Every structure is written in C-alpha cells, then in structure tokens.
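Heads up: the sequence shown runs through residues 30 to 52, 59 to 95, 111 to 433, 445 to 460, numbered per UniProt numbering.
Beta carbons are placed, not taken as given, at the ideal position from N, Cα and C, and that holds for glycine.
Notes to accompany the following structure.
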Amino acid sequence: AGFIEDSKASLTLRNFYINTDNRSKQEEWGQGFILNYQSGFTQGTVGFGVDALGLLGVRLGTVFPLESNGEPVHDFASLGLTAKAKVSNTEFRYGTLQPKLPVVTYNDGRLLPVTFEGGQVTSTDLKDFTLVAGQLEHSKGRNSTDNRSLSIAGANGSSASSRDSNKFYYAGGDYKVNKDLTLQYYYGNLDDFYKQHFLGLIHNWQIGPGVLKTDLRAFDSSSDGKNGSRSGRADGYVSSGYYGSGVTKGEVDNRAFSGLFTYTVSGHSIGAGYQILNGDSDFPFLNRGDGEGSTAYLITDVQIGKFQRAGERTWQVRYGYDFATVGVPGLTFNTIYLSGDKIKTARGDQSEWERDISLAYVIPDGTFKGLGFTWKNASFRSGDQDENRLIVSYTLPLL
Numbered sequence: 030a031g032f033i034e035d036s037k038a039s040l041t042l043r044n045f046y047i048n049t050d051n052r059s060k061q062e063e064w065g066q067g068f069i070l071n072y073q074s075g076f077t078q079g080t081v082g083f084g085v086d087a088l089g090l091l092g093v094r095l111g112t113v114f115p116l117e118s119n120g121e122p123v124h125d126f127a128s129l130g131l132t133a134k135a136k137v138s139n140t141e142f143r144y145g146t147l148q149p150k151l152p153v154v155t156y157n158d159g160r161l162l163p164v165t166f167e168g169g170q171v172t173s174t175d176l177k178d179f180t181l182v183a184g185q186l187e188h189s190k191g192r193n194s195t196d197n198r199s200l201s202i203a204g205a206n207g208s209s210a211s212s213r214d215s216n217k218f219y220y221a222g223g224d225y226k227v228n229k230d231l232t233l234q235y236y237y238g239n240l241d242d243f244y245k246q247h248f249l250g251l252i253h254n255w256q257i258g259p260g261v262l263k264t265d266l267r268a269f270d271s272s273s274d275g276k277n278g279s280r281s282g283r284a285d286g287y288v289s290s291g292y293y294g295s296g297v298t299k300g301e302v303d304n305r306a307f308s309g310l311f312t313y314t315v316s317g318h319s320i321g322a323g324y325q326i327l328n329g330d331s332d333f334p335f336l337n338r339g340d341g342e343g344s345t346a347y348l349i350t351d352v353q354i355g356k357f358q359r360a361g362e363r364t365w366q367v368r369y370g371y372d373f374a375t376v377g378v379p380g381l382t383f384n385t386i387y388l389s390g391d392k393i394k395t396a397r398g399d400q401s402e403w404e405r406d407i408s409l410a411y412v413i414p415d416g417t418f419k420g421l422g423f424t425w426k427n428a429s430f431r432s433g445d446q447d448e449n450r451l452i453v454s455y456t457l458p459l460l
C-alpha cells in the first residue's frame, strides 16, 4: 500500500449528440474526454493523497459555453483537484467533489459532468453505516469552466435579480439493516434558502423466481435565513412555487412523498410509482440555471421534466427488458411514462406528461468490449418538447 502503488487513473471518451424540438429546432454535438487520476495514500495512521479530474469538450446551448460573441466555443476544459486524507475507513476530501446523495447529486446529462467545490468526510468505520458530512461552496455547470455560487429555481440564472449562496451543509447516512433492507436519513441546508430532511427505505423481497423492490422517500423542505423572512424574500431570496394571486416566487415550503415498486423476473422489470408534493413551493434542490444541469432525488427526475412543481401529484409506470436472458448480453431497453396533475398555477390546476425510452448496447466481449451505444428519446407535453440523445462511450485503464 502507498501513494504510488495504489495510484490509479482513467480516461472516458464520450461522444454526445443532442437534438431538441420545441413548440425551435436545436442540435449540439461534442466529443468529450474525462480523465480521472486517483493517488494512493502516504504511509502512517493519517494518510494523504490527491485526486485530479480533467475535463475537455470539443464541438463537432446546454452542451457548450458561449463566446463573448454569443456563439458556442470551439472547446472548453477544466481541471478539478481534490486533496484527501484518510484514517482507517474515514476519508476527508477537500476541493473538487461529485456527491450522489439524496440531498445533493451532480448532473451529468450532457457532455461533461457538473462538479462542486467543498470539503467532505465519509466513513464506513461504524459497522453497517455509510456516513457523510460536508460543506459545498461552488459548482461548475456541465456547460461551463467556471465555479459559481449555489442557487435554486426561482432565484437562479444570471439576471441582476438573481441571488445565490456560498454555503451548503449536508450530512446523513445509509444503514444496512440486513441483506434486504437499507434505511437512509439525510439533511441538506442551503444557507439563506432552505433546510431539507430526507428519509428513505429500500427493500428487496424475493418472491419465487422474481424480486420486488420497494423504494420509499419522504422529504421535508422549509425556509432558512433570508428566504424565511419577508425582507429577505423581497430582496430575491425566493423559490419558485405558487402563492396565490399570480405570485410564483416565495418561501420554501414543500413536503414530498413517494413510493415506487418494481418487480423483476426473467429479464423483465415492471414498475409503478406515485409521488405527492404538498406546500406552496416547488421541491428545492441545487440548481444554478443557465443550462448548467441539476438533479433532484425524486422518482420523477427524468429526461426532460422533473415533475417537481408545487402541488403536483405524479403517477408513473416503468418497463424494462435485459436481453442477456435471451442471448444478447449488453442490450437493454427501458421506458417510463409519467403523468402529473394538480400543478398549482395562476391559471388554476394544470397537468403534464412525459414518455422516455432508453435503448442501450454495451459490447460484452472481444476487442471493443466496453464500447457502449445509447439512444434516449423523450416526449414532454405541459401546460412542448421532444428530445433525442445519442451517446457513444468508452472507458479505458491508464494506471
């Protein structure tokens, strides 16, 4: 064990094509290079290390940043360094972070991923728990090279009226009860905007040759600091939502609850889910806007929409098939249909729906083993947008 001996790299090559049809036709195509380096740890009870994440995108408004012109740049790149220390199974990371947690997860829906900057400790030293606590200050969008302060929908974007915050605190854990059951509690706090608590359960139930997976989530989001005061909201510390009389910005105030059940047998997966949002505000999550990408940890966060609006109840059905069971390993199909209603708006109750498909083939063997091809299509109608993604990806070891 050591800094050198345990050092690893990695290069992912991503060819990313997207076309969107609005009712605008828009098309973007890029080649991406994602180079990760991860050192080992120096010797001693407290070991030190450093990770590096190099990102490069080359053009072949959500994929590439713009020139002072207004035209898409030819290329863009960034380097994100992370200092690290570790004792036993407890690691501290300082610098570039990419969390995937119920109260914060980075978006990677385009060419290059979102990154955050901050400090974080994670630990598996407490038996059957995976614990984490951290503080984030900035994020770099998928279509940007710059770190910017954190915001939420309603206060975000780049207008003069926009407001943001440079402090986000988070903590929580996953407790493994046994082989079949995991519990979760997480806490998130964007300073001057919101505090958010999350409870989760995932249960796997063997029923004959099939497995039923139960996925339950509960979020309580409330105001913090400026957003919780009249004067603060007057100065723009606000969330999108619906507050009566045509007012669409105000205090964070959202309760979200969902249950998703997926039964999987003989290659087939069939799922059904329901999500209920109550309160005057949309569901809050870190979101810079300006096309930078954002992810909500909701069962309804899909290709185009997130069904995250104040009041919205959403049902969904899912179907998938893994063609390995039938002789074509590496080929999979998935689809989901979602239907949202009771969206509170100045026009009364509104509805929306989305249908997504994802067809993917990853070459299972031979010289091109690991080469993956993915087609994602979405249709979204609200109050309308159709989107296609084509992604070719390949990851290779560079030790």
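task = Tell me whether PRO334 is buried or exposed, calling it buried when 16 or more other Cβ atoms sit within 10 Å of its Cβ.
result = Looking up residue 334 in the sequence shown gives position 284. Result: buried.
Where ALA396 falls, given that 16 or more other Cβ within 10 Å makes a residue buried = The residue given as residue 396 occupies position 346 in the sequence shown. Residue environment: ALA396 is assigned as exposed (fewer than 16 neighbouring CB atoms within 10 Å of its CB, all protein chains considered).
request  = Starting from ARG431, follow the beta strand (DSSP E) in both directions and report where the run begins and ends.
outcome  = Locating residue 431 in the sequence shown gives position 381, counting from the first residue. Looking at the DSSP string, the run of the beta strand (DSSP E) that includes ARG431 is 422-432.
task = Taking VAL297 as the reference, give the member of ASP332, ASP270, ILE326 and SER308 with the closest Cα.
result = Within the sequence shown, residue 297 is the residue found at index 247, counting from 1. For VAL297, the nearest C-alpha among the options comes from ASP332.
ask   = In its own chain, which residues sit with a C-beta less than 6 Å from the C-beta of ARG359, not counting the 5 before and 5 after it?
value = Here residue 359 corresponds to residue number 309 of the sequence shown, with the count starting at 1. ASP332 and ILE393.
4-residue-minimum alpha helix (DSSP H) runs that sit fully inside the segment 239-323, ordered along the chain = 280-284
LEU186 to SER36 span [Cα, whole Å] = Against the sequence shown, residue 186 aligns to sequence position 136. Against the sequence shown, residue 36 aligns to sequence position 7. About 26 Å.
inquiry  = By the three-class DSSP mapping on this structure, what secondary structure does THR375 have?
reply    = Working through the sequence shown from its first residue, we reach residue 375 at position 325. In the structure shown, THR375 sits in a helix (DSSP, three-state: H, G or I).
ask   = How would you call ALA127, buried or exposed, if buried means at least 16 neighbouring beta carbons within 10 angstroms?
value = Stepping through the sequence shown from its first residue, residue 127 is reached at position 77. So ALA127 counts as exposed.
ask   = According to DSSP, what are the bridge partners of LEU88?
value = If you number the sequence shown from 1, residue 88 lands on position 53. Looking at the DSSP assignment, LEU88 forms a beta bridge with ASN71 and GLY130.
query = Is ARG52 helix, strand or coil when you go by DSSP?
reply = Against the sequence shown, residue 52 aligns to sequence position 23. Of the three classes helix, strand and coil, the one that applies to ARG52 here is coil, per DSSP.
message = Buried or exposed, going by whether 16 or more other CB atoms sit within 10 Å of the CB of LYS226?
response = Taking the sequence shown and counting its residues from 1, one reaches residue 226 at position 176. Counting Cβ neighbours within 10 Å, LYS226 comes out exposed, since fewer than 16 surround it.
query = What did DSSP end up calling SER194 once you bin it into helix, strand or coil?
reply = In the sequence shown, the residue the question calls residue 194 occupies position 144. Looking at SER194 - three-state DSSP - the assignment turns out to be coil, as it is neither helix nor strand.
ask   = What is the DSSP secondary structure of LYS37, reduced to helix, strand or coil?
value = Here residue 37 is taken as the residue at index 8 of the sequence shown, counted from 1. In the structure shown, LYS37 sits in a strand (DSSP, three-state: E or B).
ask   = Beta carbon of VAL81, beta carbon of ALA135: below 7 Å?
value = Residue numbering aside, residue 81 sits at position 46 when the sequence shown is read from its first letter. Residue numbering aside, residue 135 sits at position 85 when the sequence shown is read from its first letter. In this structure, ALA135 lies closer than 7 Å to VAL81 by Cβ.
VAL367 in three-state terms, based on DSSP = In the sequence shown, the residue the question calls residue 367 occupies position 317. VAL367: strand per DSSP, three-state reduction.
ask   = Nearest CA to the CA of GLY433: which residue from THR132, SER401 and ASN427?
value = By 1-based counting over the sequence shown, the position of residue 433 is 383. In terms of Cα proximity to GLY433, the closest of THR132, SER401 and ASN427 is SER401.
query = Under the rule that 16 or more other beta-carbon atoms within 10 Å means buried, what is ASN277, buried or exposed?
reply = For the purposes of this step, residue 277 is identified with residue 227 of the sequence shown, where counting begins at 1. Looking at its Cβ environment, which holds 16 or more other Cβ atoms inside 10 Å, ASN277 is buried.
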